[PDB]
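Engineer:
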Amino acid sequence: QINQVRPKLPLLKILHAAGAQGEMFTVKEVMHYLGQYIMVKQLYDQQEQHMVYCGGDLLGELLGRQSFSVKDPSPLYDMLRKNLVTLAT
Ligand SMILES: COc1ccc(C2=N[C@@H](c3cccc(Cl)c3)[C@@H](c3ccc(Cl)cc3)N2C(=O)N2CCNC(=O)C2)c(OC(C)C)c1
């Protein structure tokens, strides 16, 4: 397969809910479909769209945690490091 990620059926479903084709592409493409997933699913605080709260969502099940932010994106890179060697923060 390609030198990037791809999911299984129940995880492909999550990026399909954001109009994608699973995680079946590079870091920059997954984070694009994930940004629009959070924007549709509206899993954020009213006073701060920057802070994400995934309580009981398939995205919280996918990442293994029910919160992250656009200032602390390390939960994405912990998802990616398991597939390919890449950057983190
Ligand atoms: C003050 O609150 C904000 C501020 C900014 C965004 C933001 N910033 C990007 C981004 C680019 C590069 C790196 C990062 Cl870490 C974030 C990207 C996004 C991509 C991936 C993820 Cl996982 C989440 C969000 N992102 C974004 O999708 N939007 C969509 C709406 N309009 C925009 O201009 C920004 C925002 O997004 C919500 C969806 C959380 C809300």
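Residue numbers for the sequence shown follow PDB author numbering, beginning at 23 and rising by one. Beta carbons are placed, not taken as given, at the ideal position from N, Cα and C, and that holds for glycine.
Does the segment 71-80 come within contact of the segment 41-57, defined as at least 3 CB pairs closer than 8 Å?
Structural biologist: Touching, no, given that fewer than three Cβ pairs across the two stretches are closer than 8 Å.
Engineer: Flag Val-107 as yes when its Cβ comes closer than 7 Å to any non-hydrogen atom of ligand 1, and as no otherwise.
Structural biologist: No, since every heavy atom of ligand 1 falls outside the 7 Å radius drawn around the Cβ of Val-107.
Engineer: Are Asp-67 and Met-73 close, meaning C-beta to C-beta below 8 Å?
Structural biologist: Yes, the pair counts as a contact, with Cβ atoms nearer than the cut-off.
Engineer: Short of 8 Å in beta carbon distance, which residues of its chain neighbour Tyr-75, apart from the five on each side in sequence? Order them along the chain.
Structural biologist: Counting only Cβ-Cβ distances below 8 Å, and skipping sequence neighbours, we find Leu-65, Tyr-66, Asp-67, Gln-88, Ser-89.
Engineer: Residue range of the alpha helix (DSSP H) that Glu-51 falls in?
Structural biologist: It spans 49-63 - the alpha helix (DSSP H) in which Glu-51 sits, taken as one unbroken run.
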